[PDB]
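Chains as they are written, first to last, in PDB author numbering: chain A, 16 to 208, 215 to 371, 378 to 405; chain B, 18 to 371, 376 to 405. Quick notes on the structure that follows.
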Ligand SMILES: Nc1ncnc2c1ncn2[C@@H]1O[C@H](CSCC[C@H](N)C(=O)O)[C@@H](O)[C@H]1O
Ligand SMILES: Nc1ncnc2c1ncn2[C@@H]1O[C@H](CSCC[C@H](N)C(=O)O)[C@@H](O)[C@H]1O
């Protein structure tokens with residue numbers, strides 16, 4: 016490690032008005048725990064916090080107790096800098112490998128381990144230790160690299176290792192020239208469209230990548246349940262953009278895991294698996310999202326972070342479009358309080380069975396596209 | 018669904034198209050040290066519908082023996098045999114595993130797109146080796162790992178959806194291909210696969226189980242495991258840095274520093290459109306002087322450059338199949354002296370009698390013809 020990765024953040028007041036952490040409960044509480052309001056007083060473990068992550072969580076959740084572990088002293092030294100600068104009294108730092116988490120003698124409501132577990136000798140033993148740190152209703156939020164999104168990186172990485180390249184300036188120069196000489200069609204060009218991030222990606226040894234089924238098997242091997250994805254978009258047919266496709270109908274017939282497995286092989290830009298795991302003894306009503314049954318009509322749709330409606334447009338982060346007038350009518354009634362049944366009711370005052384059906388299908392489609400989350404009954 | 022697509026008429030097909038490993042076209046690549054021989058003994062090991070008939074049609078004085086496990090495939094070779102009077106074509110329903118029953122060896126053994134379909138590809142290559150004369154060549158094609166990513170991705174999806182060879186599966190398969198995002202690895206492959214959406218070729222690629230693909234190192238190991246020498250590539254372009262288009266690249270210099278096989282292995286991972294390994298294998302006891310091409314030695318000055326099929330010079334342009342460009346004036350001067358008779362030394366001599378001493382021009386000639394040999398523009402004739 017020639018430079019610190021990730022790149023150290025100087026000021027969280029600047030960073031947090033512009034950016035956000037995926038698994039920050041301030042933003043993502045309803046995705047982790049669909050059945051409850053934001054809780055400001057969570058016990059949060061950041062397992063492999065690197066330079067910035069734990070300090071961000073402690074800054075945005077001032078009343079939360081944040082415990083952070085890393086094996087890197089320089090990484091923890093930057094968390095300490097951010098701790099001292101911003102008075103993060105709620106942040107506790109340890110030089111500790113994931114393997115020794117039991118030495119903390121604590122369990123947690125949220126365990127975040129993003130971009131860490133592959134660097135372990137035994138990723139399965141790592142996930143087992145995260146599982147043992149989890150309260151009944153707690154969630155492990157994890158990131159692994161995805162096999163089919165990382166093809167380009169693995170190709171160039173392996174070439175750089177066969178040429179004996181390291182982290183020196185001469186190796187970085189050769190590495191950039193190689194990337195500049197890639198033909199237009201090389202798989203790495205799609206991935207590309215930061216000397217520290219270049220070194221971490223290309224010149225820091227092979228980084229294990231995972232299929233959907235390997236992610237699920239890692240989670241179940243640790244005695245945990247695969248709760249689901251942070252971003253659903255990569256893992257489902259986008260039937261909202263392409264309705265009435267017989268091929269997408271045949272994919273939506275398969276059991277969830279086999280269906281995700283198919284879409285990973287058709288949607289190959291996505292290069293990370295962001296997923297949630299929880300305990301077998303967490304009641305399934307807390308987190309089970311199933312738009313196929315009558316219970317879905319009690320789901321309360323809410324706009325996800327940086328999503329919503331502006332006039333006749335619906336927006337995601339960095340993408341806008343005009344839905345059909347009949348679709349917009351449903352989206353205008355999303356307030357984070359009304360149920361799908363209630364929303365169909367409000368549209369009907371502008378059959379009921381047909382509108383409830385259209386509502387259920389629409390919110391299913393937009394949940395799979397990361398436009399709405401759902402609040403489940405308490 | 019016969020694959021490959023049956024050809025109706027070889028008189029029409031052969032004026033427009035050609036087989037890579039047809040000795041009429043490619044004799045100097047298989048045997049650099051000798052002229053075309055019209056009377057070769059040729060084995061087509063897994064001939065499919067067309068290939069053996071084409072070889073027999075273009076080499077009328079050659080004895081062509083063809084084997085396949087598919088009766089319908091051999092039935093089309095027979096149709097072509099009867100239509101064109103290919104008395105020099107002998108057909109057998111015989112697996113490669115039972116080749117020894119024919120009790121014959123051959124000057125040329127062609128096995129293109131066949132060996133992966135075997136239970137034991139290495140036992141297949143061993144049986145081809147056992148039927149090869151001292152100076153004979155095995156011309157083989159295996160699918161390449163990094164060029165076939167797209168095919169393997171969609172193939173595996175179709176198997177997980179339980180799709181077969183029925184009309185309903187072919188319709189779903191075409192719709193799936195239409196729904197692939199622009200960046201899907203299969204899309205670049207589809208741009209160069211002219212005939213792949215035809216029902217026969219679609220089924221063969223996507224709906225008839227996984228076809229094993231190979232890295233450069235797996236091809237070389239398959240050949241050496243059978244007790245053969247890896248002679249080289251039919252097309253060198255995929256396996257070398259294109260220093261003719263990008264001279265003085267420090268990265269390409271570092272790749273050209275590696276041992277040959279590791280260097281080929283690197284270029285396979287940088288040049289990922291190429292989806293087939295077309296290579297030649299020969300016996301360890303074939304004299305190395307017959308086929309060894311090494312532009313780094315003084316012997317290279319005695320190499321006779323020859324234009325490869327559908328390559329040459331018209332005025333100030335040089336052409337490949339499907340690509341034209343203007344070389345530097347000093348490059349053109351060398352290319353205008355390629356006649357398939359003059360050596361690299363002689364060519365430098367002719368340029369010198371028209376920006377360099379003799380030593381400098383011989384050096385420029387050696388480097389230029391090395392660059393263009395690696396780009397499949399010139400073959401070389403070696404001394405007898
Ligand atoms: N066994 C182990 N236990 C804990 N941390 C580890 C570890 N092996 C590697 N790490 C750390 O894991 C981190 C991965 S980099 C990712 C940092 C942070 N999770 C983020 O999302 O920004 C590095 O800081 C590395 O030092
Ligand atoms: N064990 C075996 N021995 C001989 N042929 C075999 C075989 N297994 C498969 N084949 C045949 O190999 C062929 C591969 S298709 C390629 C056809 C031809 N070589 C060409 O290049 O156009 C098929 O016809 C298939 O039936």
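For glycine and all other residues, C-beta sits at the position ideal for the given N, C-alpha and C.
Inter-residue Cα distance where the pair is residue i and residue j
| i | j | result |
| --- | --- | --- |
| residue 217 of chain B | residue 195 of chain B | 18 Å |
| residue 172 of chain B | residue 110 of chain B | 29 Å |
| residue 258 of chain B | residue 161 of chain B | 18 Å |
| residue 386 of chain B | residue 404 of chain B | 18 Å |
| residue 264 of chain A | residue 309 of chain A | 25 Å |
| residue 209 of chain A | residue 182 of chain A | The structure shown gives no position for residue 209 of chain A: in chain A, residue numbering passes from 208 to 215 with nothing in between. |
| residue 232 of chain B | residue 184 of chain B | 34 Å |
| residue 294 of chain B | residue 326 of chain A | 49 Å |
| residue 22 of chain B | residue 390 of chain A | 48 Å |
| residue 248 of chain A | residue 67 of chain A | 26 Å |
| residue 189 of chain B | residue 219 of chain A | 40 Å |
| residue 379 of chain A | residue 99 of chain A | 58 Å |
| residue 284 of chain A | residue 351 of chain A | 28 Å |
| residue 80 of chain A | residue 180 of chain A | 42 Å |
| residue 397 of chain A | residue 338 of chain A | 10 Å |
| residue 38 of chain B | residue 64 of chain B | 13 Å |
| residue 286 of chain A | residue 167 of chain B | 9 Å |
| residue 401 of chain A | residue 343 of chain A | 22 Å |
| residue 370 of chain A | residue 348 of chain A | 15 Å |
| residue 234 of chain B | residue 164 of chain B | 15 Å |
Own chain partners of residue i with C-beta closer than 6 Å, once the 5 adjacent residues on each side are dropped
| i | result |
| --- | --- |
| residue 245 of chain A | 146 and 298 |
| residue 28 of chain A | none |
| residue 130 of chain B | 158 |
| residue 341 of chain B | 334 |
| residue 93 of chain B | 23 and 66 |
| residue 307 of chain B | 50 |
| residue 255 of chain A | 288 and 291 |
| residue 53 of chain B | 44 |
| residue 317 of chain A | 387 |
Chain-order list of residues whose beta-carbon lies under 7 Å from that of residue i (same chain, five-residue window excluded)
| i | result |
| --- | --- |
| residue 150 of chain A | 122, 123 and 124 |
| residue 336 of chain B | 328 and 329 |
| residue 69 of chain A | 61, 81, 83, 94 and 106 |
| residue 57 of chain A | 40, 76, 79, 124 and 125 |
| residue 224 of chain A | 175, 180, 181, 182, 186 and 190 |
Closer than 7 Å to chain B by CB, residue i
| i | result |
| --- | --- |
| residue 77 of chain A | no |
| residue 219 of chain A | no |
| residue 192 of chain A | yes |
| residue 203 of chain A | no |
| residue 200 of chain A | yes |
| residue 222 of chain A | no |
| residue 271 of chain A | yes |
| residue 246 of chain A | no |
| residue 385 of chain A | no |
| residue 396 of chain A | no |
| residue 268 of chain A | yes |
Min CB distance residue i to chain A below 7 Å
| i | result |
| --- | --- |
| residue 286 of chain B | yes |
| residue 108 of chain B | no |
| residue 177 of chain B | yes |
| residue 293 of chain B | no |
| residue 174 of chain B | yes |
| residue 283 of chain B | yes |
| residue 289 of chain B | yes |
| residue 207 of chain B | no |
| residue 312 of chain B | no |
| residue 189 of chain B | yes |
| residue 111 of chain B | no |
Residues near residue i in its chain [Cβ-Cβ closer than 8 Å; skip 5 each side]
| i | result |
| --- | --- |
| residue 31 of chain B | 71, 74 and 75 |
| residue 399 of chain A | 322, 323, 324, 325, 328, 355, 390 and 393 |
| residue 193 of chain B | 171, 174 and 175 |
| residue 353 of chain B | 330 |
Unbroken stretches of the alpha helix (DSSP H), 4 residues or longer, contained in the region 151 to 222 of chain B: 166 to 177, 184 to 196 and 203 to 209
Would you mind listing the beta strand (DSSP E) stretches within the region 75 to 99 of chain A that are 3+ residues and don't spill past its ends, in chain order? With a minimum length of 3 residues, the continuous beta strand (DSSP E) runs that stay inside the region 75 to 99 of chain A are 80 to 85.
Whole runs of the alpha helix (DSSP H) within the region 268 to 348 of chain A, excluding any shorter than 4 residues: 277 to 287
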